[PDB]
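Per chain, numbering begins at 1; letters A, B, ... match sequence-line order. Atoms within a ligand are numbered from 1 in the order they appear, just like the ligands themselves. Every heavy atom of this structure was used, including side-chain atoms; hydrogens, water molecules and symmetry mates were not.
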Number of protein chains: 2
Amino acid sequence: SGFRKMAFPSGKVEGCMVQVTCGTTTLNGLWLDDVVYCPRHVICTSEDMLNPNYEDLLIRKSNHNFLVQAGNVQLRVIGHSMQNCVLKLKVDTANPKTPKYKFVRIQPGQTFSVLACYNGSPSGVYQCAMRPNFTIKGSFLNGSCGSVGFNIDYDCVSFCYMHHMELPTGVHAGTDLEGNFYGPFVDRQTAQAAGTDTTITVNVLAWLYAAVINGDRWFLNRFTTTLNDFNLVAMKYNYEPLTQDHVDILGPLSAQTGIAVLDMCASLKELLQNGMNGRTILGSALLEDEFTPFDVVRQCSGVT
Amino acid sequence: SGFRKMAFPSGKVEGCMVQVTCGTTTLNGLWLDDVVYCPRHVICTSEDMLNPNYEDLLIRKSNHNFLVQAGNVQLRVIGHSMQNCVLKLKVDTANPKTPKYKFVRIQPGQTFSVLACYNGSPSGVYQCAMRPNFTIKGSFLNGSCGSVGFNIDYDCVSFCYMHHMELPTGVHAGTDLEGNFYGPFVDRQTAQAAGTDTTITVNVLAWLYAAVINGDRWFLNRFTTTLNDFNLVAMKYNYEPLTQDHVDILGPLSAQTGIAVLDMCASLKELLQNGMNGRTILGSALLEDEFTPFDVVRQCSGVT
Ligand SMILES: *CC(=O)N1CCN(Cc2cc(O)cc(Cl)c2)CC1
Ligand SMILES: *CC(=O)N1CCN(Cc2cc(O)cc(Cl)c2)CC1
């Protein structure tokens, strides 16, 4: 028992982290096979950040300008190209520590682990979610760009995020491993609107199921609701509307606990309308929304 | 910016995890050099758990009874011994993935990362603290025993915890890597009292400093207090008494933010007496106490 915000073991990703330097700029890269992936803003100076012409800036750069170091050994750059907002640096050596991997573009509401790195060296690992407004609430300082978000299925690492930017609001923006930003964000120092950060309803419900499984049951009530009645409450509190797909995905948790999805929705409705009244659920005084139904099942069953 | 419950990169520890089987029991072991460390309750059957005579049970076990597997390869057991509540299985092969390591017995209030494992395979990593009542609030299912807690200083892994037990209250107990339990707990299926779980005052204050650094400043007030005045409030709310050593350890955070330790104590005093009033601090609606002053400095500076 016990329920924690748990990240994937980071070993398979640590072995892929390299340091990329271009001119006077240093950030992290991801070394998979004979390719190093990094944010294209590595070619920028602080002067050209208001509106950089990445194509024009990259013309002035040659293979020998990209200094790639894995630990204390230098990788030889034999090719370079820009794919959307990422640079792909072809090196002469395949990473011997390359795990089985995939590049995946996650859906808002899905979770992933982040291995925060600086100068190609890992500092820590934490679990987070792609918010409905396509931002992430991470922990990234200067030099952390190029740090990646990933998921692990048995032995396969699915890379889903690469860190590129911090908005003036302290939230984070970045791309998938094809260089496409999540959301409307651009790799430019400009006014960028982070939209309404809505709560991931299906994840909150999954976390309520995890709470019941691990003993916290104070919030269970004698009530039920309908999808349409619940969604009127969810709209009022900036929660994502709950769909039948969401009810279906909560099916295994409903089967395990014997608590119908709509009964759990009525518990959530009362929690939204009345608050926790000074009580806690799984050590939290607020409704947690960064655990998917898959995460709850995984943690409650012990999948390795 | 941004502040997260961050665990150490787990790679150095993943490479040490093995599966240990004795008779019909399977749990995790830690392979360092030519020694495998695991909870001694691996020699127990469910029948002998109310009051096991570990010395008598171990007499019936020979080297060939301890099946140790690293991935899919079998380690040859050439020696076995019991040190307190851990078994040390001498193998014929030094772990090639042994990092630089130390065995340390942590103080209550200190934090560490846990690499939850099952059948010698890592499932996830999370950050936690040794509570003042010597328990940890982890996430451990059947088969997770032998999973370790550790800290990392640059390249050296300081192992501090080995998981052994779950109390009927859902909290966790275990030992250091010499086999000595933290707290009064015994590896026996008996009524074991988890004492008063007090809040780690110095950690809450460090987290308040992290909040100010990362923008959350609503809780700052026009007041100050004294150590003795603050401690009257801390006693009332089951907080650990704050000592001058604690004030000294918060010194670098006080220097960085320009907020004197006693002024931050008055902010904490008002938060204790009045609550958050429906507001949050670093995405939390309760006062967080599992970040040491060292953790805050590390995360706010980017130490790898
Ligand atoms: C994440 C990181 O290491 N960095 C982000 C800040 N710098 C790059 C940058 C600057 C800027 O004004 C806008 C954008 Cl999109 C990126 C340094 C690297
Ligand atoms: C953590 C884990 O894998 N296990 C804990 C529960 N079993 C061992 C056990 C049983 C018991 O009644 C008391 C104690 Cl101290 C340990 C299985 C292994």
Distance filter under 4.0 Å to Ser144(B) heavy atoms, resulting ligand 2 atoms: 1 (C), 3 (O)
Heteroatom proximity flag, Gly143(A) to ligand 1, N/O under 3.5 Å: yes
Taking every non-hydrogen atom, the tightest pair across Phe8(B) and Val125(A): O-CG1, 3.6 Å
Residue, atom name and distance, where the atom is the protein heavy atom closest to atom 11 (C) of ligand 2: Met49(B) CG, 3.5 Å
Contact atoms of ligand 1, heavy-atom distance to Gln189(A) under 4.0 Å: 12 (O)
For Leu27(B), the option from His163(B), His164(B), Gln19(B), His41(B) that meets side-chain contact (heavy atoms from CB on, under 4.5 Å): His41(B)
Residue pair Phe66(B) / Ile43(B), side-chain heavy-atom distance below 4.5 Å: yes
Distance-only N or O hit between ligand 2 and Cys145(B), under 3.5 Å: yes
Atom indices of ligand 2, in the order listed, that fall short of 4.0 Å to a heavy atom of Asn142(B): 3 (O), 17 (C)
Under 3.5 Å side-chain donor-acceptor pair for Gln127(A) and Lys5(A): no
Numbered atoms of ligand 2 (with element) below 4.0 Å of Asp187(B), judged on heavy atoms: 15 (Cl)
Ligand-residue contact atoms, ligand 2 with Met165(B), heavy atoms, under 4.0 Å: 15 (Cl)
Audit row: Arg131(B), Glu290(B), salt bridge (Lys or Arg N to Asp or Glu O under 4.0 Å) steps and yes/no: CA-CA 9 Å; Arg131(B) 304 303 312 167; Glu290(B) 296 194 357; 2.8 Å; yes
Close-contact set for ligand 1 against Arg188(A) heavy atoms, below 4.0 Å: 15 (Cl)
Ring centre gap for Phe291(B) and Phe3(B) strictly below 6.0 Å: yes
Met17(A) vs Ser121(A) side-chain heavy atoms within contact, under 4.5 Å: no
